[PDB]
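Undergrad: Protein chains in written order, with PDB author numbering: chain BL, 54 to 150; chain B3, 9 to 52; chain BW, 10 to 85; chain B5, 2 to 64.
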Amino acid sequence: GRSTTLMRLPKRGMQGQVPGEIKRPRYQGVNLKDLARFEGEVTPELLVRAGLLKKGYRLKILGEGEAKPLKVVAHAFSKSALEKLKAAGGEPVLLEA
Amino acid sequence: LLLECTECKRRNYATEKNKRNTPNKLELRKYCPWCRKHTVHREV
Amino acid sequence: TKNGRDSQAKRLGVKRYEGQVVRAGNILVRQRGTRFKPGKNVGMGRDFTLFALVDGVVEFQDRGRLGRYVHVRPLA
Amino acid sequence: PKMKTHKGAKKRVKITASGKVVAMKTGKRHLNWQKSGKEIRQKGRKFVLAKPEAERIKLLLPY
RNA sequence: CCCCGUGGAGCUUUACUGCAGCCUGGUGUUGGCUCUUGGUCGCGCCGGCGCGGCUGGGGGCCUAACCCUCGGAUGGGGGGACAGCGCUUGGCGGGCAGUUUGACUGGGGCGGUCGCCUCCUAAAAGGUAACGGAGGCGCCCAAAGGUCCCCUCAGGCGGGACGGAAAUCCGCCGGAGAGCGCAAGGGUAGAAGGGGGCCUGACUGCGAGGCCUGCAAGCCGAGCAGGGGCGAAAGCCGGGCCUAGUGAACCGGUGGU
RNA sequence: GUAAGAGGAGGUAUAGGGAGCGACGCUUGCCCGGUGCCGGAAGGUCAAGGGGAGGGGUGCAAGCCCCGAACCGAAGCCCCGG
RNA sequence: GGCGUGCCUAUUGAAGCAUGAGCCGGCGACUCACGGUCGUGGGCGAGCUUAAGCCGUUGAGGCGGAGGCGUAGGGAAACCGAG
RNA sequence: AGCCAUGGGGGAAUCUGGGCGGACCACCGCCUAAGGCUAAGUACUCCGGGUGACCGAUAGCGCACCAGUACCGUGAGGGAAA
RNA sequence: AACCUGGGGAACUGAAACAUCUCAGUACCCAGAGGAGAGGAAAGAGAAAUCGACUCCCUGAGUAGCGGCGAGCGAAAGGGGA
Ligand SMILES: [Mg+2]
Ligand SMILES: [Mg+2]
Ligand SMILES: [Mg+2]
Ligand SMILES: [Mg+2]
Ligand SMILES: [Mg+2]
Ligand SMILES: [Mg+2]
Ligand SMILES: [Mg+2]
Ligand SMILES: [Mg+2]
Ligand SMILES: [Mg+2]
Ligand SMILES: [Mg+2]
Ligand SMILES: [Mg+2]
Ligand SMILES: [Mg+2]
Ligand SMILES: [Mg+2]
Ligand SMILES: [Mg+2]
Ligand SMILES: [Mg+2]
Ligand SMILES: [Mg+2]
Ligand SMILES: [Mg+2]
Ligand SMILES: [Mg+2]
Ligand SMILES: [Mg+2]
Ligand SMILES: [Mg+2]
Ligand SMILES: [Mg+2]
Ligand SMILES: [Mg+2]
Ligand SMILES: [Mg+2]
Ligand SMILES: [Mg+2]
Ligand SMILES: [Mg+2]
Ligand SMILES: [Mg+2]
Ligand SMILES: [Mg+2]
Ligand SMILES: [Mg+2]
Ligand SMILES: [Mg+2]
Ligand SMILES: [Mg+2]
Ligand SMILES: [Mg+2]
Ligand SMILES: [Mg+2]
Ligand SMILES: [Mg+2]
Ligand SMILES: [Mg+2]
Ligand SMILES: [Mg+2]
Ligand SMILES: [Mg+2]
Ligand SMILES: [Mg+2]
Ligand SMILES: [Mg+2]
Ligand SMILES: [Mg+2]
Ligand SMILES: [Mg+2]
Ligand SMILES: [Mg+2]
Ligand SMILES: [Mg+2]
Ligand SMILES: [Mg+2]
Ligand SMILES: [Mg+2]
Ligand SMILES: [Mg+2]
Ligand SMILES: [Mg+2]
Ligand SMILES: [Mg+2]
Ligand SMILES: [Mg+2]
Ligand SMILES: [Mg+2]
Ligand SMILES: [Mg+2]
Ligand SMILES: [Mg+2]
Ligand SMILES: [Mg+2]
Ligand SMILES: [Mg+2]
Ligand SMILES: [Mg+2]
Ligand SMILES: [Mg+2]
Ligand SMILES: [Mg+2]
Ligand SMILES: [Mg+2]
Ligand SMILES: [Mg+2]
Ligand SMILES: [Mg+2]
Ligand SMILES: [Mg+2]
Ligand SMILES: [Mg+2]
Ligand SMILES: [Mg+2]
Ligand SMILES: [Mg+2]
Ligand SMILES: [Mg+2]
Ligand SMILES: [Mg+2]
Ligand SMILES: [Mg+2]
Ligand SMILES: [Mg+2]
Ligand SMILES: [Mg+2]
Ligand SMILES: [Mg+2]
Ligand SMILES: [Mg+2]
Ligand SMILES: [Mg+2]
Ligand SMILES: [Mg+2]
Ligand SMILES: [Mg+2]
Ligand SMILES: [Mg+2]
Ligand SMILES: [Mg+2]
Ligand SMILES: [Mg+2]
Ligand SMILES: [Mg+2]
Ligand SMILES: [Mg+2]
Ligand SMILES: [Mg+2]
Ligand SMILES: [Mg+2]
Ligand SMILES: [Mg+2]
Ligand SMILES: [Mg+2]
Ligand SMILES: [Mg+2]
Ligand SMILES: [Mg+2]
Ligand SMILES: [Mg+2]
Ligand SMILES: [Mg+2]
C-alpha cells in the first residue's frame, strides 16, 4: 500500500551487461560416493549416459563416500577426493587441446 | 565536515569529522591499518 | 495549539527478576542512570544496561547508602 | 501463462538450500559517515527474513 | 447542496513536460569576378614584401541555380546565392496537448500539524488515545576524547585596598539544593564533576547472549585474534553520565584490492 | 491547409488585419521600479560547429582509435534607453 | 382465549418513517487456460518423466530422452567443495 | 552500444579488395554487401463433408419460421418477434 | 469470410497519481498479394579450428538480458522435429 519491502538492496554485483552471459566452462559436482555404484572405467560419457552428470560441460569428482579402486577420468578432482581414490586407484585428468 | 583520513605511502581511509573554522587546519592522529599495523596518519 | 508532541516509549525496566536462570550476556536491567548497580558477575554498558557475565540465577541487593545492586549467583 | 520471475528480487535476494531467504543488511551506504566501526561492520553481512520471506519466495519461481 | 474517490471533464496561468508555430547558428540546394583584414604551406628578400591552391570573416559587382513576372518564352525583365526548401543547433512558445495540484481534520476550507528526544495525561510491570498540558532536536568537542594521578560544590554567616546583593581570598557551618556542552528527566562527589602527566581503542577482524519489535530498523554486549595507548600493577580504552542531533532502495560521485 | 494552394483582394496605407472604447457634448490627470512591446553594430553569458595545446587506449611499427584547454562561433537572456 | 415488530440489504443499531421488490414463469453471477503453492489418491525411486513429432487405430495404443525436476553447497565473482 | 535499416553531410576501393565476431586496438577466425527468382513444410475457413461426456426454440447463429427482415434512425447504423 | 505483406498508427488501461515506460506496433485506416502470403541459398551464426538457405512445431527459457533496474518486457545459438 506503501514503500515495499524492497527497502533491501542489490548486492548481486554482476547483474548484467548488454550482451550478457559470458560463455565459460561450468563444472558439475559429482561425488565419488555415487561412484561406488559400479565397477569399470568411469568417464564423463558414463556419468551422464545414465545418472548424475547431464551435459554440464565438465566432470568434477569430489567429496563424500569411499573410493572404489578404479580409473576415473574427469575434468577436475577435489583436493580431498584426489586423495580418497589416489589412495586406491587411477586418477586420470581432463582433456587439454 | 567531511574529513577522510589517508595512509602514508599506501591506500586506506577512515571515518572522521573535522571542524569548520574551529582551531583545526591539520590533523595527525594515529590509528591501525589492515596491511601491517599502526602507521602515522595525515589529513589530505 | 502548540502541543501534542512526544517521543516514542523506551520500554525500560528490570528485565530479569530475582531467581531467574540467565545465560551470559542476558540484559538484566535497562535504566535511566544507576537506578541499579552492577555487582557480582554483572557488567554494565554505555547506556547503563546491566547484564549477566555468566549463566546463573539473579538476585537483588539493597545496600542503603551504597545503593541497589544486582548479581548472578553462578552455578553449574 | 508461466509466471515470470520477479527480477527485482532475484537481483537482491537468495533462497538458501534449506529454504531461507537471505538479504544484505540495509543502512550501510550513506546515512553512513560517523557510525561506529561496529555499526558498519555489522551491516556488512547477510540476514534472514520471516513472513515476507514466504512472500519473497513466491516471486523467485522457476528460480 | 455537502463531503468523499490518489473519478471525470471545460476553463486559467509567470504550475510541470511537451507540440505547433516563430527566431536563430552551421550545413545541402550554392555559382563567377573583385577590393581588404586574419590564417596556411614553398620559394624569392633583410616579424615584415611578392605568389597560387586553401582559405575564414567583412564590403562591392556580376548571373546562370532558386523565386517573381512579361501580349506562351529553347527567351525579356526584377530579385539573387539572399530568400524558399532539406538536415541539424539553441532559443521564445496556454495557440495547443498530457497531466500534477498530499494527509490529519468533532463536515470541508482557512488556521495548525506531519520525523526524533524529555516530562505529564498513563490508572505503582510493559504499552496506551485526543486539533490534551508543557519543552527541546536537525548540533557541539582533538579536547569537552583514552588512561594515570590529584583535588571536591552550590550556598549560608563572619573577615578582608578597588569591588560585597554576586569577582578573587582566609575562616566556620555546609551530602549535595552545584556542576555534569544544550531541553527535560533518571543518574551522580565512595564522580560521570575540577586540575594535571603521558596519549589517540573518535582501532582492524569479529561476536556467545540478550533488550526491543508486525516487518525493516534500533539497542546492549562478555569474550577471541591482531597490533597498540596510559598504568608499577590489578587493569581500563572499540569516543563523550545517559536518553535527540536524522533518511530504505535505486541512480550517481571519489579512492582504492 | 502537411503541401499545392485559397481567403485577404483581382484590394495597395483615404487600404487591409488585430485590440479596446462605444451617438453626441466636455474632458482623459500623475507614476516606465516590475511586466509586455519598441529601440540599442558596445559589452557580459550562450548551442551545434571550427579549433587543437594537452592527455589516453592499443600495436614491434607505420598507424588506428578516443578524451580535450585556450581561442573563434547566432538568436535568447543580461545590460541600456523609450 | 393465550402469544406474536414482514423478507433481503445495509448497519453500533431496522418492524422500522433506511435500501430493493406489483405478481408469476423463464434467464441470471466464483469459470477455464497456462504457471505457482500446499494438501491428497496412486506409479516408480536415486531417480522420475517425456515435448513436438512418427507409426498405428478411426472413440487402440505404442514409439519418440530433445528436454525438465532431483542427486552439493558456499561466494559478487575468480574459485573451492562437504564445505 | 556493436549489429541490421536509413532522413542529412562528407565519401572509397575490386581480393595487398571489403564486411562481421557488442566501444576501441592487435591478433585469430567467419563471410563475400550495395541486382533478382525459388517448391515443400506454415496461416486461415466464405465453401463441402465427417464427428461431438455441443444447444434443443428466453438455448443454439441476430435468423430452425420468407431476417439482416419488420420496425427505428436524415445517415453511418441499430435490429426484433415468430 | 478469415488468413498474409507493406505504408501509416491510437487511447482507455497498467504503473494502485503520472510524464519515461505499459497497453502495442495492438485497434483501426491505406495499398498490395493469393490459394496462401511472407522469407529464402550467408558480406550468416559465435567460440566449437563448429554449424551450413528459408519457413513451422517442441525445447532452450521466463533463462540471457531489458527496465522511472518500477510496473513490466523479454530474446538467440544449440538440441529434438516437419
Ligand atoms: Mg508514500
Ligand atoms: Mg498523542
Ligand atoms: Mg565497555
Ligand atoms: Mg559513556
Ligand atoms: Mg566504551
Ligand atoms: Mg527437499
Ligand atoms: Mg569489513
Ligand atoms: Mg529452470
Ligand atoms: Mg485515496
Ligand atoms: Mg484524482
Ligand atoms: Mg584575401
Ligand atoms: Mg561568408
Ligand atoms: Mg566575398
Ligand atoms: Mg545586384
Ligand atoms: Mg535575372
Ligand atoms: Mg540582375
Ligand atoms: Mg526548349
Ligand atoms: Mg540587382
Ligand atoms: Mg492517461
Ligand atoms: Mg483531505
Ligand atoms: Mg472543521
Ligand atoms: Mg492548511
Ligand atoms: Mg506512564
Ligand atoms: Mg506505568
Ligand atoms: Mg516489554
Ligand atoms: Mg491498546
Ligand atoms: Mg580545560
Ligand atoms: Mg572543559
Ligand atoms: Mg558577605
Ligand atoms: Mg586527560
Ligand atoms: Mg547474535
Ligand atoms: Mg544479538
Ligand atoms: Mg568487550
Ligand atoms: Mg589484545
Ligand atoms: Mg605485540
Ligand atoms: Mg570502563
Ligand atoms: Mg569526561
Ligand atoms: Mg526508483
Ligand atoms: Mg535512479
Ligand atoms: Mg555527484
Ligand atoms: Mg490570392
Ligand atoms: Mg494568394
Ligand atoms: Mg482575388
Ligand atoms: Mg478595398
Ligand atoms: Mg470635446
Ligand atoms: Mg490614463
Ligand atoms: Mg567599443
Ligand atoms: Mg601533447
Ligand atoms: Mg604504446
Ligand atoms: Mg610500444
Ligand atoms: Mg608516428
Ligand atoms: Mg585563434
Ligand atoms: Mg550572440
Ligand atoms: Mg548576443
Ligand atoms: Mg411501513
Ligand atoms: Mg422499508
Ligand atoms: Mg444508500
Ligand atoms: Mg425482480
Ligand atoms: Mg419503490
Ligand atoms: Mg493449477
Ligand atoms: Mg566492429
Ligand atoms: Mg544514410
Ligand atoms: Mg571480437
Ligand atoms: Mg590481424
Ligand atoms: Mg465448413
Ligand atoms: Mg461444416
Ligand atoms: Mg432464438
Ligand atoms: Mg418463444
Ligand atoms: Mg442460418
Ligand atoms: Mg421513421
Ligand atoms: Mg492477424
Ligand atoms: Mg494508471
Ligand atoms: Mg489504480
Ligand atoms: Mg486498478
Ligand atoms: Mg501495419
Ligand atoms: Mg491474387
Ligand atoms: Mg498448402
Ligand atoms: Mg509460396
Ligand atoms: Mg517475395
Ligand atoms: Mg549468392
Ligand atoms: Mg540475407
Ligand atoms: Mg564440416
Ligand atoms: Mg521508483
Ligand atoms: Mg515489447
Ligand atoms: Mg507434418
Ligand atoms: Mg505439421
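For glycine and all other residues, C-beta sits at the position ideal for the given N, C-alpha and C.
Who are the near neighbours of residue 6 (chain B5) in its chain, counting only those whose CB is closer than 8 Å to its CB and skipping five residues on each side?
TA: Excluding sequence neighbours, residue 6 (chain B5) sits near 60, 61, 62, 63, 64.
Undergrad: Does residue 36 (chain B5) have its Cβ less than 9 Å from a Cβ in chain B3?
TA: It does: the Cβ of residue 36 (chain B5) has a partner Cβ on chain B3 nearer than 9 Å.
Undergrad: Where does residue 58 (chain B5) sit, in a helix, a strand or coil, going by DSSP?
TA: Three-state result, residue 58 (chain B5): helix.
Undergrad: Cβ closer than 7 Å: which chain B5 residues qualify as neighbours of residue 68 (chain BL)?
TA: Going along chain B5 in sequence order, the residues near residue 68 (chain BL) (Cβ under 7 Å) are 12.
Undergrad: Applying the criterion that 16 or more other CB atoms from any shown protein chain within 10 Å of the CB defines a buried residue, is residue 114 (chain BL) buried or exposed?
TA: Buried: at least 16 other Cβ atoms inside 10 Å.
Undergrad: Applying a beta-carbon distance threshold of less than 8 Å, which residues of chain BL neighbour residue 9 (chain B5)?
TA: Per Cβ cutoff of 8 Å: 59.
Undergrad: Using a Cβ-Cβ cutoff of 7 Å, what residues of the segment 21-43 of chain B3 are near chain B5? List them in chain order.
TA: Listed by position, the residues of the segment 21-43 of chain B3 near chain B5 (Cβ gap below 7 Å) are 23, 25.
Undergrad: When DSSP labels each residue in this structure, what does residue 45 (chain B5) get in the three-state scheme?
TA: It is coil, neither helix nor strand.
Undergrad: In three-state DSSP terms, what is residue 90 (chain BL)?
TA: Here residue 90 (chain BL) sits in coil by DSSP.
Undergrad: Kindly indicate which residue of 12 (chain BW), 40 (chain BW), 31 (chain BW) has the alpha-carbon position closest to the one of residue 58 (chain BW).
TA: For residue 58 (chain BW), the nearest C-alpha among the options comes from 40 (chain BW).
Undergrad: Tell me whether the beta-carbon of residue 81 (chain BW) lies closer than 9 Å to the beta-carbon of residue 64 (chain BW).
TA: Result yes, Cβ atoms of residue 81 (chain BW) and residue 64 (chain BW) sit closer than 9 Å.
Undergrad: In the DSSP assignment, the beta strand (DSSP E) including residue 111 (chain BL) goes from what residue to what residue?
TA: From DSSP, the beta strand (DSSP E) with residue 111 (chain BL) extends over 111-115.
Undergrad: Between the beta-carbon of residue 24 (chain BW) and the beta-carbon of residue 36 (chain BW), is there less than 9 Å?
TA: Yes, the pair counts as a contact, with Cβ atoms nearer than the cut-off.
Undergrad: According to DSSP, what are the bridge partners of residue 15 (chain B3)?
TA: Residue 15 (chain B3) is bridged to 49 (chain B3).
Undergrad: Taking 8 Å as the cut-off, is the beta-carbon of residue 44 (chain BW) closer than that to any non-hydrogen atom of ligand 4?
TA: No, the beta carbon of residue 44 (chain BW) sits no closer than 8 Å to any heavy atom of ligand 4.
Undergrad: How would you list, in chain order, the residues of chain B5 whose beta-carbon sits under 8 Å from the beta-carbon of residue 65 (chain BL)?
TA: By Cβ distance, chain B5 contributes 11, 12, 13.
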